[PDB]
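Student: how does the following fold in three dimensions:
(chains A, B and C)
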Amino acid sequence: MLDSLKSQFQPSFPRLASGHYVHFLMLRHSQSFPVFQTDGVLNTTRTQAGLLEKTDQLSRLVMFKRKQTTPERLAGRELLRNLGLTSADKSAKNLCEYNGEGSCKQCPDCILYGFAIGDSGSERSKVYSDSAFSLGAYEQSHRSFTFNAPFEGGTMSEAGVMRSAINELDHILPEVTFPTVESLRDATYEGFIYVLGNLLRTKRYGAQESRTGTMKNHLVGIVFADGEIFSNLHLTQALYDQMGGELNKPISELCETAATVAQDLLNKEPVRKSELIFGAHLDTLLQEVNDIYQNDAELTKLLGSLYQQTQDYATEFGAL
Amino acid sequence: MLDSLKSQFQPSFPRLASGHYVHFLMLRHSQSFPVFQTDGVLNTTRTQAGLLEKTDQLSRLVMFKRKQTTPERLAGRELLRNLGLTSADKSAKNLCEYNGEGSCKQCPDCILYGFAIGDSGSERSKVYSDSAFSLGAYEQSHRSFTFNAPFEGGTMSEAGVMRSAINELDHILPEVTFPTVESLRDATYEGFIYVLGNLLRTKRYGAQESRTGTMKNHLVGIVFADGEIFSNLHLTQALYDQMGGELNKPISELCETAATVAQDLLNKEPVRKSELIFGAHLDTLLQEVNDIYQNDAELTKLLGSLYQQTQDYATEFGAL
Amino acid sequence: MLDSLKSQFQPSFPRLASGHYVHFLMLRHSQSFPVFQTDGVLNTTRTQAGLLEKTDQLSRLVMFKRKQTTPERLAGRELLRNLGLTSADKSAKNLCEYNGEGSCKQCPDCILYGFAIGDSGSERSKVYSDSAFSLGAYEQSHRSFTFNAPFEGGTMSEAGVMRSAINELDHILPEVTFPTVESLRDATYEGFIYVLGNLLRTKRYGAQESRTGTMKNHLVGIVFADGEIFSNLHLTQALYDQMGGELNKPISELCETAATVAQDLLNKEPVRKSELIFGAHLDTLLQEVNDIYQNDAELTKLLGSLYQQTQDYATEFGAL
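Tutor: Numbers count the residues shown, from 1 in each chain, chains lettered A, B, ... in the order given. Here you go, the structure:
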């Protein structure tokens, strides 16, 4: 399986895109009450329910554009430090900061996900995400919860009366699904294993990182192609049409439906498709990548390779 | 169907336009929050609402002139490198560089979408665009989103005080339609398949590509005619008249009513119309240009002959 | 044994996560009719019963996002006050109020479990949990009682009346269990023993110490890892499938099955494991750390150095 896929990749990171995309068709299933916001309320927008049959307007939750992908990103940096390929000690040569001018130009994060400082310029993301939409209606997918605010006395008062204005926040129900296609451009085999790593290995998405928003990244297909396949909203609208809106059905049936909708859509997409990894071939591919992780030497090897490569790219086609 | 269209096109690119213009009438539908900006705010302009249901006062969003031509253009250059017709690397015979201190004068991109170089020659675009306009008003078609860039330690605190890396950004909504009429002049058939290819194949349009700005172009008619045709704005104002407000209707009701408006408008413009591909003829033509782009041998052939023609154009009529 | 594990931790808290986690797996068993809400009714969510042999009518109880952080946290702060390294006394040098401008930036609670002063300083939590989901249906986990109000005198038996507050109130039945996973980032060894104490010591759940709401924290494993293990919901779904839905079997059968379900799930996730502790190697760890927790002469030394490290951290990286 994996030994075959090494043929589908570039031998080193190219100057400009050579038209090789790999697309990851995921279902993100909520577990434990994520929050997604850019103001005092959950992000939501009206959409058509589905493409052909289900036709009414339907308010959907929006997993807005970086809640989708900075949890992936920062989970990768956590491994690059753990393997000693980067460091946070400001006196070390291996330094890489985030969101500041100390952020390096050499490491797999900076090159696969991108940077901009001014000095030493900038690099554009090779991982293209999109904003994702809840498969079902917002008004069937949410609750607003009051949050308790006690004092060290073990009771709700300083003295005589309680704390005024105990507040609410709005949270997303478990077992609601955000179908999402994320895509990697012009990468090497190692670079694929780093990004596919981050997608499977990260779990904490929501606002309150340390109290909620662990999610399940149920990857349904990996599709190699010469361009952009369908949008995330187009996959959601198709996936609703295929079920006629009876979305209250078991998660594995929704996972097999997403596989069969993806193939129905991919066969009417104007792109060459060298490999459509789905189903029993994919459950073989993902278990064999989960055996490249779960091992110290196999990761040391590949990521070291990646770093060499990403460093070479930084030296020949990045800064200076 | 496409074997009939070979009779409409010219047998090689001519020295001057002989009046044979092919036009692509499209609705571009936002799939994920585009940014169409030039100056740190979304582009808008006040317009008459429609050709009747009049005002001089409806503010509608602008997909400004380049924001549509470059994403299409660059998806072509990506395919030319992928089919191995051109290359990205210095010290090769078929290098093509974009916006560069030099460039080739030979590849399909250079001859169809155009170039200029200050020490050398220039060539005008065979592909013509307007700025595209939103069918609905700005206030019903946008939201502004806060974004923040913390230290990856999970707070804005730089060891005790807030660096406050926070601002707000303006975004177009999904389900927002930009009616568009692209045009191509004095083409060859494989040149038309290249341009129709780029319109069908590209999806990442706006600013911040790696995170936002998927669209779907639904092509509603391909008109072959002896002249220029209605503006993006004139089509938009006729489509707003035909619906009379009421813009929250389904996407399938928009694509069919746009085809109806386009035919009424095509009867009022002083052009001979050699062919009017709409409806069931169009979703046959699009299905056969899908099976060109999905097939590796056919696509190599067509686009290879295009390469030769554009090279012949270069050495006989272009910058040599 | 326990000082070999001391190697699997850093000699200081780091500036950013160097990618070491330890995760604690625990079946929180209920008795004494608990209440996990201060909002209206016992929190309940419909779920699929499990990953196979599954239906999605299963409205299980949920323990929400701080109803299992704030107990352990307050029960821990009360220890490091009782052992004498911080105080609640109005103007002491070592004062740590739980909220507001006098609240600490340098005691172990503030660095392990987190803080924000609104503005003027914050640090993100190092200990992570999600809302936990019960192993059974609400209708198979439910009893109700009622509220009576003998404030002063409180006797009305010849009149035949009681006060306006009287209502029927739902409470969580005994023999129920709430599988939970908790974890901490980048600990020192004494900080690991501190949190492992707080997990093991705490009895009370909900807002108050009187009447209902005391529970048994049956720790089923601890696992050292390079990232997130399964979700709080995934374990309960996986264990319900393995147990085959018939929950009424003895509590010891719940406790042994969770170690063999953890051993299966832990081998599927893309996560390295420096260590994993279960069965005969877990109970021999737990009896040893509980020996520190009842031998105050060495307990003081442990937390003593924690404070030394917590404050070295607070002035090096936390809040100067």
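
Student: burial of residue A:232, as a residue count?
Tutor: Residues near residue A:232, counting by other C-beta atoms under 10 Å in any protein chain shown, number 25. Placement of C-beta: from N, CA and C, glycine included.

Student: OK, contacts around it?
Tutor: With contact set as C-beta atoms under 8 Å, 6 or more residues apart in numbering or on different chains, residue A:232 has these partners: A:130, A:131, A:132, A:133, A:179, A:180, A:181, B:31, B:32, B:214.

Student: in CSV, list those along with secondary structure.
Tutor: As requested, the contacts of residue A:232 are exported to CSV (DSSP: H, G, I helix; E, B strand; the rest coil):
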residue, secondary structure
A:130, coil
A:131, coil
A:132, strand
A:133, strand
A:179, strand
A:180, strand
A:181, strand
B:31, coil
B:32, coil
B:214, strand
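
Student: got these as TSV, with distance to chain C columns?
Tutor: Shown next, in TSV, are those (distance: C-beta to the nearest C-beta, whole Å):
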residue	distance to chain C
A:130	23
A:131	23
A:132	19
A:133	21
A:179	18
A:180	18
A:181	21
B:31	30
B:32	27
B:214	29
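
Student: of all pairs in these, which one is the farthest apart?
Tutor: Checking the contacts of residue A:232 against each other with C-beta to C-beta, the farthest-apart pair comes out as A:179 and B:214, at 13.5 Å.

Student: quick one: stretch A:269-283 near chain C?
Tutor: No: Stretch A:269-283 stays clear of chain C (C-beta under 8 Å from any C-beta of the partner chain), getting no nearer than 11.0 Å.

Student: just checking that stretch against chain B, any contact.
Tutor: Yes: contact of stretch A:269-283 with chain B (C-beta under 8 Å from any C-beta) involves A:269, A:270, A:271, A:272, A:273.

Student: what about residue A:306, helix or strand, and which?
Tutor: Using DSSP states H and E, residue A:306 sits in helix A:296-316.

Student: and for residue A:261?
Tutor: Judged by DSSP H and E, residue A:261 forms part of helix A:251-266.

Student: by contact count, what packs against that helix?
Tutor: For helix A:251-266, the packing partners by 3 or more C-beta pairs under 8 Å, 6 or more residues apart in numbering or on different chains; DSSP states H and E come out as strand A:21-30, strand A:177-185, strand A:215-225, helix A:232-241, strand A:275-278.

Student: which residues touch the strand or helix carrying residue A:282?
Tutor: Using DSSP H and E, residue A:282 sits in helix A:279-289. Helix A:279-289 has contacts (C-beta under 8 Å, 6+ apart) with A:1-2, A:5, A:193, A:196-197, A:200, A:219-222, A:259, A:277, C:268, C:270.

Student: count of neighbours near the residue in the stretch 1-150 of chain A that chain B sits nearest to?
Tutor: Using C-beta to the nearest C-beta, the single residue of the stretch 1-150 of chain A nearest to chain B is residue A:19, 3.0 Å away. Residue A:19: 20 surrounding residues under other C-beta under 10 Å.

Student: quick one: contacts for it?
Tutor: Shown in contact with residue A:19 (C-beta under 8 Å, 6+ apart): A:226, A:227, B:78, B:79, B:81, B:82.
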